[PDB]
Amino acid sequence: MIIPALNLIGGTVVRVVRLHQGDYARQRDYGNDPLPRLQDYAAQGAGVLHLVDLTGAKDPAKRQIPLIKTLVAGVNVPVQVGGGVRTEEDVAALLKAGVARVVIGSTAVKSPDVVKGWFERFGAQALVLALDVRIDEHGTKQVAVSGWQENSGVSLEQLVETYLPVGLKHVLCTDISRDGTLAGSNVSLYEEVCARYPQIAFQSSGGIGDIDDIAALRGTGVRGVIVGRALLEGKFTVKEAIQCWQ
């Protein structure tokens, strides 16, 4: 399924780039109209919508709950939301606002015992494990908690195996070398991890540049294709992407 994605800083739809140390920097503003944008996506048939709340990522006290509530109320498919989700109270607040699935990032690497508790409390269908991956010179799929600078000492597979016994189901795997590049996604990466873990519903993220890039993912076993920039820049429509995917 095609999963259109929006990044939000204080009500504004933005493009961000990842920096050397993993931090996100703003590049350009697309506009102050997330609701009509999401509704355009939803109306065209998007099966899931992905939001990153960068304001809340910087300070969880400033989680954009009122905005998120209005966006969920405007659509009729699951909305998944990430952006520095670090405590169970943060997860609960998002779910209470009507978010379908909460995307969990670096906390799942740093504090696995804590996050295992979240799976027990919230259930596997409400949680998406985000894995930002950099494939190093040795072929290891490094999970980046700090971008390109330091090696986390944790692999994609190590983390997937960590959470399978508590029922892990959804994994968002971003290739950080392809994020925002319009290169095409890392097809062989997704072919490999999807076959390696048939019980996991993987979402691909990063690199989609044109309709052919969506076609290239069709046989991989990927269950969701996240598309940010190419939809925002009008390379193709959500309708066209769905017609291609199916």
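The numbering used is simple: start at 1 and walk along the sequence shown.
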Tell me which stretch, 196-204 or 61-69, has the higher mean Cα B-factor listed in the entry.
61-69
Per the PDB record, is the mean Cα temperature factor higher over 39-47 or over 211-219?
211-219
Go through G98, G74, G139, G123 one by one and give the residue whose Cα B-factor in the PDB entry is largest.
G139
Based on the PDB record, which member of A230, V13, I226, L19 exhibits the highest Cα temperature factor?
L19
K169 CA temperature factor, ranked by third within the chain:
lowest
Taking the entry's C-alpha B-factors for this chain, is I3 in the lowest, middle or highest third?
lowest
Taking the C-alpha B-factors as the PDB entry records them, is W118 in the lowest, middle or highest third of its chain?
middle
Based on the entry's values, in what third of the chain does the Cα temperature factor of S155 lie: lowest, middle or highest?
middle
In terms of its chain's C-alpha B-factors, the third that includes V143 is the highest
